[PDB]
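A.B. asks: I'd like to ask some things about the structure below.
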Amino acid sequence: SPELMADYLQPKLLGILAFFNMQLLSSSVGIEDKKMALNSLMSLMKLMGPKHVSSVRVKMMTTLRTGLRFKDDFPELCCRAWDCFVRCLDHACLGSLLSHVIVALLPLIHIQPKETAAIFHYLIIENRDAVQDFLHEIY
């Protein structure tokens with residue numbers, strides 16, 4: 001079952017994500033392979049579902065930040081993947097994403113003006129009433 005697969009993914013929990021993060025951390029893993037792993041991480045996050053990812057999704061965002069640290073060609077795909085991960089993530093609280101969403105947006109804006117803008121517009125729409133709670137915080 002995809003839900004059964006999600007339950008198996010839930011049993012792996014942070015450690016499977018940590019193993020992916022460790023592979024992302026390693027210099028040896030190929031950037032295209034890392035991009036495939038990032039696509040896999042987005043697929044795994046989808047398989048878990050937003051509620052299942054929970055704190056691990058925030059850990060995944062930290063892993064995404066490690067992915068952000070070396071981006072190159074992968075980053076334009078990664079920025080779409082990060083936007084997809086945000087889209088996969090429950091809107092929850094805009095304030096709860098806080099700086100990490102802003103930090104991702106700033107990296108995305110450097111990679112392309114449009115990629116950050118598309119993510120920001122999606123983020124604002126998803127945040128809804130929550131959106132602008134952190135707008136003052138993200139001066």
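Within each chain, counting starts at residue 1; across the structure tokens, chains are named A, B, ... in the order shown, with ligands numbered 1 upward in that order.
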Please provide the set of residues having any atom within 10 Å of residue A:62, restricted to only C-alpha atoms, with same-chain residues fewer than 6 positions apart removed, written as number ranges by chain.
C.D. replies: A: 21, 56, 68, 100
A.B. asks: Write the selection just made, keeping N, CA and C atoms, as an mmCIF file, in the first residue's frame?
C.D. replies:
```
data_model
loop_
_atom_site.group_PDB
_atom_site.id
_atom_site.type_symbol
_atom_site.label_atom_id
_atom_site.label_comp_id
_atom_site.auth_asym_id
_atom_site.auth_seq_id
_atom_site.Cartn_x
_atom_site.Cartn_y
_atom_site.Cartn_z
ATOM 1 N N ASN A 21 20.681 12.475 3.793
ATOM 2 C CA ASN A 21 21.430 13.720 4.106
ATOM 3 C C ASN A 21 22.928 13.408 4.097
ATOM 4 N N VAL A 56 10.690 15.792 10.796
ATOM 5 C CA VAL A 56 11.684 15.206 9.848
ATOM 6 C C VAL A 56 11.675 16.087 8.590
ATOM 7 N N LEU A 68 21.169 22.951 -0.634
ATOM 8 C CA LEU A 68 21.273 24.357 -1.096
ATOM 9 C C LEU A 68 22.753 24.758 -1.082
ATOM 10 N N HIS A 100 13.992 29.688 7.495
ATOM 11 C CA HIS A 100 14.444 28.656 6.528
ATOM 12 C C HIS A 100 13.709 28.867 5.203
#
```
A.B. asks: Counting only C-alpha atoms, which residue out of A:14, A:64, A:4, A:79 sits closest to residue A:113?
C.D. replies: A:79
A.B. asks: Write out as a PyMOL selection string each polymer residue whose atoms come within 9 Å of stretch 57-60 of chain A, counting only C-alpha atoms; drop sequence neighbours fewer than 5 positions from it.
C.D. replies: chain A and resi 14+17-18+21+41+45+50+52+65+85+89+97+100
A.B. asks: Run DSSP on the backbone of this structure and report the residues of chain A it assigns to alpha helix (DSSP H), as a VMD selection string.
C.D. replies: chain A and resid 2 to 25 31 to 48 50 to 69 73 to 88 94 to 111 113 to 127
A.B. asks: For each of A:92, A:108, A:115, A:2, take the minimum atom-to-atom distance to residue A:129, counting only C-alpha atoms, then give the residue where this is smallest.
C.D. replies: A:92
A.B. asks: How far is it from atom CA of residue A:70 to atom CA of residue A:31, in Å with one decimal?
C.D. replies: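 Atom CA of residue A:70 sits 8.7 Å away from atom CA of residue A:31.
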A.B. asks: Calculated over only C-alpha atoms, which of the candidates A:48, A:53, A:98, A:78 has the smallest distance to residue A:133?
C.D. replies: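 Of all the options, A:98 lies closest to residue A:133.
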A.B. asks: Find, counting only C-alpha atoms, the residue in A:40, A:86, A:34, A:128 that gets nearest to residue A:16.
C.D. replies: A:40
A.B. asks: Given only C-alpha atoms as the basis, pick out the residue of A:105, A:111, A:94, A:88 nearest to residue A:124.
C.D. replies: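 Answer, going by the shortest atom-to-atom distance: A:94.
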